[PDB]
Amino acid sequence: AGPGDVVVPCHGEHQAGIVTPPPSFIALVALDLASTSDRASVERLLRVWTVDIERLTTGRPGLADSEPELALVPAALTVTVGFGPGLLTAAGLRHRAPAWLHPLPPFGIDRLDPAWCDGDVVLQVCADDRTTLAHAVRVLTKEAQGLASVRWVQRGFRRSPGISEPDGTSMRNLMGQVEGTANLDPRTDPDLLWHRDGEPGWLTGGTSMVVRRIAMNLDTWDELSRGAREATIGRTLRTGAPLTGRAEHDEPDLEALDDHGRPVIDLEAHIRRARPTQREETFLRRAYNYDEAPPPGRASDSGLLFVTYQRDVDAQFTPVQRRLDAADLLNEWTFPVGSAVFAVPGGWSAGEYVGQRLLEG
């Protein structure tokens, strides 16, 4: 009857937690395989995780679960499994690596901290309840004991269940902006998200995942007028409308000039520079806010858990990231501190296990 009772099916053509409507909370858990790891280790790990995913997501305790009462409220729990290149190396499956399974190239804007970078495998754990999420993470982490150890955990949030943004907007970030308006529609453009026919065959129903941890300099952001902040993005903070429109969902008019013949939306405005240049230069953004205990001598450690899904990182994401590196006003108040690329297996049915089509050989 309430948001705690919601079960999201973990079985299908695709893994859940990608086109699944984003719930309130996320923990991205990157793990590194043990030095002893081989194909058999990786297989066992994926198989024990499959059991725990099928149980936890239906509000049943996991296999390595000593706190069953912490499992009984599923709260729309999803776990999405992604493989880093090191997993394929350790399994002896380099020959099955897609061309795009590698770190993003370096960019001038990068301030990458290796402790927020890479990972042999990732669990994107999402739920509408923080206790449910804490439990799921504890169970999945324990299950991997001796097979993989935690490399990093990035925690993020949106509004709570039953709490919609001011004026029913998509998501508010900690810069105070509306985020998610002009996203990839996987109902119209499924071929730009989902791997179908191509090589390698094990990625059928699967995708690629990018995680950029992008810090917001809120201290310098505070030095900008409202007008300068809106010019930076090309959309208003109140409604989330383009500078040229009245409502959130109005099409930005990138041809529109002011009385002096200057573009209304700046030549270096985020949404101009980030816009698709070709059909394929788009991706499913599925971002979350992060807000940490601040470091010595600062008020805040806030930013964006920028998670994107696309068929091919190199063809779809990287050309956009490369265009923003070259020019984007937003780069003056944001900086990437973490980068990770993962291959996401397709879904599975009762009796299968996640990544099975890969570990066949």
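We number the residues from 1 along the sequence you see.
Self-check item: Comparing 23 to 31 with 62 to 70, the one whose average Cα B-factor in the PDB entry is higher
Solution: Per the PDB entry, the higher value belongs to 62 to 70.
Practice problem: Mind pulling up the entry and telling me whether 258 to 266 or 232 to 240 has the higher mean Cα temperature factor? | Solution: Of 232 to 240 and 258 to 266, the stretch with the higher C-alpha B-factor average is 258 to 266.
Quiz item: Per the coordinate record, which of the options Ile109, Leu87, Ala134, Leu192 holds the highest CA temperature factor?
Solution: Highest CA B-factor of the listed options: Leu192.
Quiz prompt | Residue with highest C-alpha B-factor in the PDB entry, from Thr78, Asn217, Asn289, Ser164 | solution = Spelled out: the listed residue with the top C-alpha B-factor is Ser164.
Quiz item: By its CA B factor, does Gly201 count among the lowest, middle or highest third of the modelled residues in the chain?
Solution: Answer is highest: the recorded C-alpha B-factor places it there.
Practice problem: Could you tell me which third, lowest, middle or highest, the C-alpha B-factor of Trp348 occupies within its chain? | Solution: It falls in the middle third of the chain.
Quiz item: Thinking about Cα B factors across the chain, which third does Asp113 belong to?
Solution: For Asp113, the deposited C-alpha B-factor lands in the middle third.
Quiz prompt | Lowest, middle or highest third - CA B-factor, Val125 | solution = Lowest third, going by the recorded CA B-factors of the chain.
Quiz item: By the record's CA B-factor, is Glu54 among the lowest, middle or highest third of residues in the chain?
Solution: Ranked within chain, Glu54 CA B lands in the middle tercile.
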